[PDB]
>>> print(open('entry.cif').read())   # mmCIF, C-alpha atoms
data_protein
#
loop_
_atom_site.label_atom_id
_atom_site.label_comp_id
_atom_site.auth_asym_id
_atom_site.auth_seq_id
_atom_site.Cartn_x
_atom_site.Cartn_y
_atom_site.Cartn_z
CA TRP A 1 0.87 -22.96 40.64
CA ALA A 2 -2.41 -25.00 40.51
CA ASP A 3 -4.09 -28.13 38.85
CA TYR A 4 -1.79 -27.72 35.74
CA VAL A 5 -0.98 -31.52 35.72
CA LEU A 6 -4.55 -32.28 34.46
CA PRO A 7 -4.24 -30.38 31.09
CA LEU A 8 -0.56 -31.57 30.87
CA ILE A 9 -1.95 -35.11 30.24
CA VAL A 10 -4.07 -33.60 27.38
CA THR A 11 -1.36 -31.22 25.99
CA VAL A 12 1.73 -33.39 26.00
CA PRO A 13 0.23 -36.11 23.79
CA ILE A 14 -1.12 -33.53 21.36
CA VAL A 15 2.25 -31.81 20.87
CA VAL A 16 3.88 -35.21 20.48
CA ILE A 17 1.31 -36.07 17.89
CA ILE A 18 1.79 -32.80 16.02
CA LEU A 19 5.56 -33.04 16.20
CA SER A 20 5.42 -36.72 15.11
CA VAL A 21 3.12 -35.93 12.18
CA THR A 22 5.36 -33.05 11.08
CA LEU A 23 8.44 -35.23 11.41
CA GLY A 24 6.63 -37.84 9.37
CA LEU A 25 5.71 -35.42 6.65
CA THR A 26 9.16 -33.82 6.59
CA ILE A 27 10.88 -37.14 6.13
CA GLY A 28 8.15 -38.76 4.17
CA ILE A 29 7.71 -36.12 1.51
CA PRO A 30 11.39 -35.97 0.42
CA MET A 31 11.80 -39.79 0.60
CA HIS A 32 9.10 -40.07 -2.12
CA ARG A 33 10.84 -37.37 -4.16
CA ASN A 34 14.21 -39.11 -3.74
CA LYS A 35 12.82 -42.27 -5.00
CA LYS A 36 11.43 -40.59 -8.02
CA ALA A 37 14.69 -38.75 -8.68
CA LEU A 38 16.68 -41.93 -8.33
CA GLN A 39 14.41 -43.70 -10.77
CA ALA A 40 14.52 -40.86 -13.20
CA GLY A 41 18.27 -40.70 -12.95
CA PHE A 42 18.59 -44.40 -13.70
CA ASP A 43 16.16 -44.19 -16.44
CA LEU A 44 18.12 -41.40 -17.98
CA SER A 45 21.41 -43.35 -17.47
CA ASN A 46 19.88 -46.26 -19.29
CA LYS A 47 18.74 -44.03 -22.12
CA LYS A 48 22.13 -42.40 -22.47
CA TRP B 1 -8.37 -49.52 38.51
CA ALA B 2 -7.53 -45.73 38.87
CA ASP B 3 -4.48 -46.02 41.25
CA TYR B 4 -2.18 -45.97 38.17
CA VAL B 5 -2.14 -42.23 37.07
CA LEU B 6 1.28 -41.38 38.64
CA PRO B 7 3.06 -44.45 37.08
CA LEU B 8 1.24 -43.74 33.72
CA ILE B 9 3.07 -40.34 33.74
CA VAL B 10 6.36 -42.31 34.22
CA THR B 11 5.58 -45.22 31.81
CA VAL B 12 4.11 -43.47 28.81
CA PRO B 13 7.14 -41.24 28.22
CA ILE B 14 9.49 -44.18 28.62
CA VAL B 15 7.70 -46.34 26.02
CA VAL B 16 7.57 -43.35 23.69
CA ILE B 17 11.26 -42.88 24.19
CA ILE B 18 12.02 -46.54 23.54
CA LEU B 19 9.75 -46.68 20.52
CA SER B 20 11.21 -43.39 19.19
CA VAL B 21 14.80 -44.62 19.65
CA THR B 22 13.99 -47.92 17.92
CA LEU B 23 12.27 -46.08 15.09
CA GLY B 24 15.31 -43.86 14.85
CA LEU B 25 17.70 -46.76 14.69
CA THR B 26 15.53 -48.71 12.24
CA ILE B 27 15.36 -45.83 9.82
CA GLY B 28 18.72 -44.41 10.58
CA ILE B 29 20.79 -47.55 10.13
CA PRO B 30 19.54 -48.37 6.59
CA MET B 31 19.66 -44.70 5.45
CA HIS B 32 23.43 -44.75 6.14
CA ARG B 33 23.76 -48.04 4.29
CA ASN B 34 21.71 -46.67 1.35
CA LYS B 35 23.91 -43.74 1.07
CA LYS B 36 26.97 -45.88 0.97
CA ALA B 37 25.43 -48.20 -1.60
CA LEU B 38 24.39 -45.31 -3.76
CA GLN B 39 27.86 -43.86 -3.63
CA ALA B 40 29.45 -47.16 -4.38
CA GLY B 41 27.07 -47.72 -7.25
CA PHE B 42 27.92 -44.34 -8.75
CA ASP B 43 31.50 -44.84 -8.22
CA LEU B 44 31.32 -48.14 -10.02
CA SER B 45 29.25 -46.53 -12.85
CA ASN B 46 31.92 -43.91 -13.25
CA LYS B 47 34.63 -46.53 -13.36
CA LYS B 48 32.79 -48.60 -15.94
CA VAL B 49 32.27 -45.57 -18.12
CA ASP B 50 35.91 -44.81 -17.75
CA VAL B 51 36.79 -48.36 -18.86
CA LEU B 52 34.37 -47.96 -21.74
CA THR B 53 35.96 -44.64 -22.70
CA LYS B 54 39.42 -46.22 -22.68
CA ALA B 55 38.17 -49.17 -24.84
CA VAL B 56 36.42 -46.92 -27.31
CA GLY B 57 39.52 -44.66 -27.37
CA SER B 58 41.79 -47.64 -28.03
CA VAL B 59 39.64 -48.86 -30.92
CA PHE B 60 39.66 -45.36 -32.50
CA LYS B 61 43.30 -44.96 -31.96
CA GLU B 62 43.91 -48.28 -33.77
CA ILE B 63 41.42 -47.39 -36.58
CA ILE B 64 43.09 -44.01 -37.03
CA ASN B 65 46.55 -45.57 -37.01
CA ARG B 66 45.44 -48.11 -39.58
CA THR B 67 43.42 -45.78 -41.88
CA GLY B 68 46.06 -42.89 -41.82
CA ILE B 69 43.56 -40.50 -40.37
CA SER B 70 46.19 -38.75 -38.18
CA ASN B 71 43.86 -36.78 -36.05
CA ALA B 72 42.35 -38.82 -33.07
CA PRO B 73 39.59 -36.64 -31.62
CA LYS B 74 40.89 -34.77 -28.44
CA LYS B 75 37.45 -35.21 -26.95
CA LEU B 76 37.83 -38.83 -25.88
CA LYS B 77 40.41 -37.74 -23.39
CA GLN B 78 38.08 -35.30 -21.94
CA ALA B 79 35.36 -37.91 -21.29
CA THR B 80 37.44 -39.62 -18.82
CA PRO B 81 36.59 -37.78 -15.75
CA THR B 82 39.81 -37.73 -14.26
CA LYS B 83 38.03 -36.61 -11.15
CA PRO B 84 39.42 -38.67 -8.33
CA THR B 85 36.46 -40.04 -6.52
CA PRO B 86 36.86 -37.61 -3.58
CA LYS B 87 38.29 -40.10 -1.27
CA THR B 88 36.22 -39.15 1.76
CA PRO B 89 39.34 -38.44 3.75
CA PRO B 90 39.53 -41.50 6.11
CA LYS B 91 37.86 -40.18 9.42
CA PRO B 92 41.15 -39.52 11.47
CA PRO B 93 41.46 -42.65 13.83
CA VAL B 94 39.74 -41.08 17.00
CA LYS B 95 42.66 -41.83 19.15
CA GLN B 96 40.55 -43.19 22.27
CA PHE C 1 -0.33 -45.90 16.50
CA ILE C 2 1.11 -42.71 15.06
CA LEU C 3 4.68 -43.88 15.80
CA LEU C 4 3.86 -47.23 14.18
CA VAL C 5 2.40 -45.57 11.06
CA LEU C 6 5.37 -43.23 10.86
CA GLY C 7 7.71 -46.17 11.15
CA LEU C 8 5.98 -48.07 8.39
CA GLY C 9 5.49 -44.92 6.39
CA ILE C 10 9.24 -44.22 6.24
CA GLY C 11 10.44 -47.75 6.60
CA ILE C 12 8.61 -49.25 3.70
CA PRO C 13 9.73 -46.69 1.04
CA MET C 14 13.32 -46.71 2.32
CA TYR C 15 13.48 -50.41 1.59
CA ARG C 16 12.00 -49.86 -1.86
CA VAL C 17 14.50 -47.19 -2.69
CA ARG C 18 17.34 -49.47 -1.74
CA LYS C 19 16.00 -52.23 -3.96
CA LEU C 20 15.46 -49.85 -6.87
CA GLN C 21 18.86 -48.40 -6.50
CA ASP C 22 20.51 -51.78 -6.37
CA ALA C 23 18.56 -53.05 -9.34
CA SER C 24 19.16 -49.92 -11.35
CA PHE C 25 22.92 -50.00 -10.83
CA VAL C 26 23.10 -53.59 -11.81
CA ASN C 27 21.23 -52.82 -15.01
CA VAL C 28 23.49 -49.86 -15.96
CA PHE C 29 26.54 -51.94 -15.18
CA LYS C 30 25.39 -54.77 -17.30
CA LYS C 31 24.73 -52.48 -20.24
CA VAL C 32 28.06 -50.74 -19.93
CA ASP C 33 29.84 -54.06 -19.56
CA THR C 34 28.01 -55.43 -22.66
CA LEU C 35 28.93 -52.30 -24.64
CA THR C 36 32.55 -52.49 -23.47
CA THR C 37 32.75 -56.12 -24.52
CA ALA C 38 31.21 -55.27 -27.88
CA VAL C 39 33.70 -52.47 -28.45
CA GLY C 40 36.51 -54.87 -27.51
CA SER C 41 35.22 -57.40 -30.02
CA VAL C 42 35.28 -54.85 -32.84
CA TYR C 43 38.87 -53.88 -31.88
CA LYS C 44 39.91 -57.44 -32.02
CA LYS C 45 38.30 -57.89 -35.39
CA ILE C 46 39.90 -54.72 -36.81
CA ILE C 47 43.37 -55.86 -35.69
CA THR C 48 42.82 -59.34 -37.04
CA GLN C 49 41.50 -58.19 -40.43
CA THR C 50 44.05 -55.36 -41.02
CA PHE D 1 14.55 -33.59 22.44
CA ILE D 2 14.47 -37.19 21.28
CA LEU D 3 11.96 -36.32 18.51
CA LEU D 4 14.18 -33.39 17.50
CA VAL D 5 17.32 -35.56 17.40
CA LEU D 6 15.48 -38.22 15.45
CA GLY D 7 14.28 -35.61 13.02
CA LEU D 8 17.74 -34.24 12.48
CA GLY D 9 19.24 -37.69 12.52
CA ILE D 10 17.10 -38.85 9.57
CA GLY D 11 16.59 -35.50 7.98
CA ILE D 12 20.16 -34.53 7.57
CA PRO D 13 21.37 -37.75 5.83
CA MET D 14 18.27 -37.89 3.62
CA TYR D 15 19.22 -34.51 2.23
CA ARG D 16 22.80 -35.63 1.71
CA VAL D 17 21.72 -38.72 -0.16
CA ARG D 18 19.57 -36.64 -2.46
CA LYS D 19 22.44 -34.29 -3.19
CA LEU D 20 24.84 -37.18 -3.77
CA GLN D 21 22.42 -38.93 -6.01
CA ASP D 22 21.77 -35.83 -8.04
CA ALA D 23 25.43 -35.02 -8.35
CA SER D 24 26.37 -38.57 -9.21
CA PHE D 25 23.81 -38.82 -12.00
CA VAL D 26 24.91 -35.56 -13.47
CA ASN D 27 28.49 -36.78 -13.49
CA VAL D 28 27.63 -40.11 -15.20
CA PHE D 29 25.50 -38.27 -17.72
CA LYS D 30 28.20 -35.87 -18.55
CA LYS D 31 30.70 -38.65 -19.09
CA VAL D 32 28.35 -40.64 -21.26
CA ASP D 33 27.43 -37.54 -23.21
CA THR D 34 31.14 -36.70 -23.70
CA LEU D 35 31.84 -40.27 -24.84
CA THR D 36 28.86 -40.22 -27.20
CA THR D 37 30.04 -36.95 -28.70
CA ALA D 38 33.54 -38.37 -29.07
CA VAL D 39 32.21 -41.47 -30.79
CA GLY D 40 30.17 -39.21 -33.10
CA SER D 41 33.27 -37.19 -33.96
CA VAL D 42 35.21 -40.31 -34.97
CA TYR D 43 32.24 -41.38 -37.18
CA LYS D 44 32.23 -38.08 -38.85
CA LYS D 45 35.96 -38.24 -39.44
CA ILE D 46 35.77 -41.79 -40.82
CA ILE D 47 33.05 -40.78 -43.31
CA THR D 48 34.89 -37.65 -44.32
CA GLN D 49 38.25 -39.37 -44.80
CA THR D 50 36.96 -42.52 -46.57
#
>>> encode(input="entry.cif", output="structure tokens")
Amino acid sequence: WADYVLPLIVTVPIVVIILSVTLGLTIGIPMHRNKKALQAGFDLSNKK
Amino acid sequence: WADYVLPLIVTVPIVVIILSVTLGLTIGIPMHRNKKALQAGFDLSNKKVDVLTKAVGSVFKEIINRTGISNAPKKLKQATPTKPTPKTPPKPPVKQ
Amino acid sequence: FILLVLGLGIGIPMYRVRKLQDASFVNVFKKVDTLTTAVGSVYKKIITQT
Amino acid sequence: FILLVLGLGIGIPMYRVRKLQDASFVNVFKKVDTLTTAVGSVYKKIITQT
């Protein structure tokens, strides 16, 4: 081993950011779809 | 400044952990409650429809009985989802 | 900042979904209840008139 | 690990809620549709017999 702590301070936050953004998108995208499905379902219930 | 690099390596991950756990709990706790509310709401919808089906069935039965139309439609019985709300089997009491 | 945005980004819609769901169920229930009552009223009338 | 657990911890129930919601709506719709059809059948019978 060598000076590998110096890029670790660059790399760790970047991975966390990427993983956080992905987690956000993976949760965020379906949550919007669920909302729409729920609304549509209720709308349809009301129509029926 | 500049003495703080070694504690920054300790402190940053700890804050991230705390913030992540809090975020998890803040999102996680209501998601469980939403699920339960949704289920309850659907369960109640199903029950109400069932009550409606029984009411409509009763009125038809009486109309048929009074008009001599001796053939109540077999389909009103079928609308009553006799499906037993799957009783989520009560989580076995974790005997601590 | 990213964790804060993610928290607000998931937190805000989750609350909206709960409110929509609750409101929507109440509306369906009210309609079904009104219909049930109406059907009951017709029954009563049919029995009383026949 | 914490981010992974958080992802699974939110991700897994969100999927279950969607499936429950979809299934529940389908069930209510089917019941209402069956009731509507039944009510239509009685109408037809009343018109045909009277």
>>> calpha_fit_rmsd(input="entry.cif", fixed="chain C", moving="chain D")
0.1 Å
>>> residues_around(input="entry.cif", residues="residue 14 of chain C", least_positions_apart="6", cutoff="9 Å", atoms="all atoms listed in the file", output="count of residues only")
6
>>> residues_near_point(input="entry.cif", point="(37.9, -35.7, -41.7)", cutoff="12 Å", atoms="all atoms listed in the file", output="list in words")
residues 64, 67, 68, 69, 70, 71, 72 and 73 of chain B; 41, 42, 43, 44, 45, 46, 47, 48, 49 and 50 of chain D
>>> interface_residues(input="entry.cif", of="chain D", to="chain A", cutoff="7 Å", atoms="only C-alpha atoms", output="ChimeraX atom specification")
/D:7,11,18,21,25,29,32
>>> resolve_selection(input="entry.cif", expression="the PyMOL selection byres ((chain B) within 12 of (chain A))", output="PyMOL selection string")
chain B and resi 5-6+8-10+12-13+16-17+20+23-24+27-28+31+34-35+38+41-42+45-46+49
>>> residues_around(input="entry.cif", residues="residue 54 of chain B", least_positions_apart="3", cutoff="10 Å", atoms="all atoms listed in the file", output="number ranges by chain")
B: 48-51, 57-60, 76-77, 79-80; C: 36; D: 35
>>> atom_distance(input="entry.cif", atom1="atom CA of residue 24 of chain C", atom2="atom CA of residue 75 of chain B")
28.2 Å
>>> atom_distance(input="entry.cif", atom1="atom CA of residue 96 of chain B", atom2="atom CA of residue 13 of chain D")
25.8 Å
>>> closest_residue(input="entry.cif", among="B:26, B:78, B:65, B:11", to="chain D", atoms="all atoms listed in the file")
B:78
>>> closest_residue(input="entry.cif", among="D:39, D:26, D:3, D:10", to="residue 15 of chain A", atoms="all atoms listed in the file")
D:3
>>> resolve_selection(input="entry.cif", expression="the PyMOL selection byres ((chain B and resi 84-92) around 10)", output="ChimeraX atom specification")
/B:39,42-43,46-47,81-83,93-95
>>> build_atoms(input="entry.cif", residues="segment 13-26 of chain B", atoms="N, CA and C atoms", output="PDB file, in the coordinates of the input")
ATOM      1  N   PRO B  13       5.972 -41.846  28.872  1.00  0.00           N
ATOM      2  CA  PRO B  13       7.140 -41.240  28.220  1.00  0.00           C
ATOM      3  C   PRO B  13       8.267 -42.241  27.990  1.00  0.00           C
ATOM      4  N   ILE B  14       8.432 -43.190  28.766  1.00  0.00           N
ATOM      5  CA  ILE B  14       9.490 -44.180  28.620  1.00  0.00           C
ATOM      6  C   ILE B  14       9.216 -45.049  27.391  1.00  0.00           C
ATOM      7  N   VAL B  15       8.091 -45.536  27.173  1.00  0.00           N
ATOM      8  CA  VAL B  15       7.700 -46.340  26.020  1.00  0.00           C
ATOM      9  C   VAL B  15       7.872 -45.519  24.739  1.00  0.00           C
ATOM     10  N   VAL B  16       7.443 -44.240  24.837  1.00  0.00           N
ATOM     11  CA  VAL B  16       7.570 -43.350  23.690  1.00  0.00           C
ATOM     12  C   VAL B  16       9.051 -43.161  23.348  1.00  0.00           C
ATOM     13  N   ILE B  17       9.826 -43.057  24.393  1.00  0.00           N
ATOM     14  CA  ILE B  17      11.260 -42.880  24.190  1.00  0.00           C
ATOM     15  C   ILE B  17      11.846 -44.143  23.554  1.00  0.00           C
ATOM     16  N   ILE B  18      11.510 -45.278  24.051  1.00  0.00           N
ATOM     17  CA  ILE B  18      12.020 -46.540  23.540  1.00  0.00           C
ATOM     18  C   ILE B  18      11.568 -46.740  22.094  1.00  0.00           C
ATOM     19  N   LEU B  19      10.300 -46.526  21.861  1.00  0.00           N
ATOM     20  CA  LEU B  19       9.750 -46.680  20.520  1.00  0.00           C
ATOM     21  C   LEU B  19      10.372 -45.669  19.560  1.00  0.00           C
ATOM     22  N   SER B  20      10.609 -44.433  20.023  1.00  0.00           N
ATOM     23  CA  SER B  20      11.210 -43.390  19.190  1.00  0.00           C
ATOM     24  C   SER B  20      12.657 -43.736  18.844  1.00  0.00           C
ATOM     25  N   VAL B  21      13.411 -44.222  19.877  1.00  0.00           N
ATOM     26  CA  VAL B  21      14.800 -44.620  19.650  1.00  0.00           C
ATOM     27  C   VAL B  21      14.851 -45.784  18.670  1.00  0.00           C
ATOM     28  N   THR B  22      14.066 -46.772  18.813  1.00  0.00           N
ATOM     29  CA  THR B  22      13.990 -47.920  17.920  1.00  0.00           C
ATOM     30  C   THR B  22      13.640 -47.477  16.498  1.00  0.00           C
ATOM     31  N   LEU B  23      12.654 -46.636  16.386  1.00  0.00           N
ATOM     32  CA  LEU B  23      12.270 -46.080  15.090  1.00  0.00           C
ATOM     33  C   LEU B  23      13.429 -45.321  14.460  1.00  0.00           C
ATOM     34  N   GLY B  24      14.145 -44.580  15.337  1.00  0.00           N
ATOM     35  CA  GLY B  24      15.310 -43.860  14.850  1.00  0.00           C
ATOM     36  C   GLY B  24      16.412 -44.778  14.352  1.00  0.00           C
ATOM     37  N   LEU B  25      16.653 -45.813  15.058  1.00  0.00           N
ATOM     38  CA  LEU B  25      17.700 -46.760  14.690  1.00  0.00           C
ATOM     39  C   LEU B  25      17.293 -47.560  13.453  1.00  0.00           C
ATOM     40  N   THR B  26      16.034 -47.902  13.337  1.00  0.00           N
ATOM     41  CA  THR B  26      15.530 -48.710  12.240  1.00  0.00           C
ATOM     42  C   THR B  26      15.515 -47.917  10.936  1.00  0.00           C
TER      43      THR B  26
END
